[PDB]
């Protein structure tokens, strides 16, 4: 399949809810060839009144590799979930995360979870049946997933990719409907709290997202770290001063470096840790 189709869908839909404007990042991140010149990375970026950054990375290889990383980051005044689509596809295999990632914790407290997901449980139920739970995964990743997350692995077929496309569109339209209803925060302390929550999220992903190894192989370590911190998770430098180890001290090694492990806990949650009503039940 061509994930460019989905980027086109999303930009068109967004422009019926607001007006996108070009991000300044478009002058520094647009097109990049891999070191062996066989793979092209295509990058797009935009902003809007409530959206700090809407950005896509699309990778098409002559080998069958197709990658989409598409995200919408809100301005800290709008405590919206972060829209997240991370599709890693090869000739035969698909490894997929699609979610409205919660800005604030939905595990211990209830207010934010009810505010944003109460009316989306049926949407998550629709696709959890069609795109089955992907199995055990990095336990720290669940800190960032919503009760409607689609985490799935599947073999390539016309039917499975058709379902994936329908899910992306349904989930992105749901997120745009949340954006419609997002009113700006006026309390300065709350804006700071929303900003730290976003910075913590960007800091986690810029350090530990699974795609970083593939990027490093394609364009080398130096440019990959640049694309990761200044484009994909732009804001890790500007929205806060805390380091990855400030937020996640469990990863501090005996020498003060960040532990090479992706997961300090280990991979867990062999079954979906939310029940059919979206209540967290997580075992292992």
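Residue numbers count along the first chain shown, from 1.
In this entry, the higher average B-factor at the C-alpha atoms falls on 57-65, of the pair 42-50 and 57-65. Averaged over Cα atoms, the B-factor as recorded in the entry is higher for 101-109 than for the other of 101-109 and 86-94.
Per the PDB record, 115 has a higher Cα B-factor than any other of 200, 212, 115, 153.
In the deposited coordinates, the residue among 169, 159, 136, 208 with the greatest CA B-factor is 159. Among the modelled residues of the chain, residue 127 sits in the highest third by CA temperature factor in this PDB entry. When all modelled residues of the chain are sorted by CA temperature factor, residue 252 is found within the lowest third. When the modelled residues of the chain are ordered by C-alpha B-factor, residue 192 sits in the highest third. In the PDB entry, residue 263 places in the lowest third of its chain by CA B-factor. Among the modelled residues of its chain, residue 183 has a C-alpha B-factor that falls in the highest third, as given in the PDB entry.
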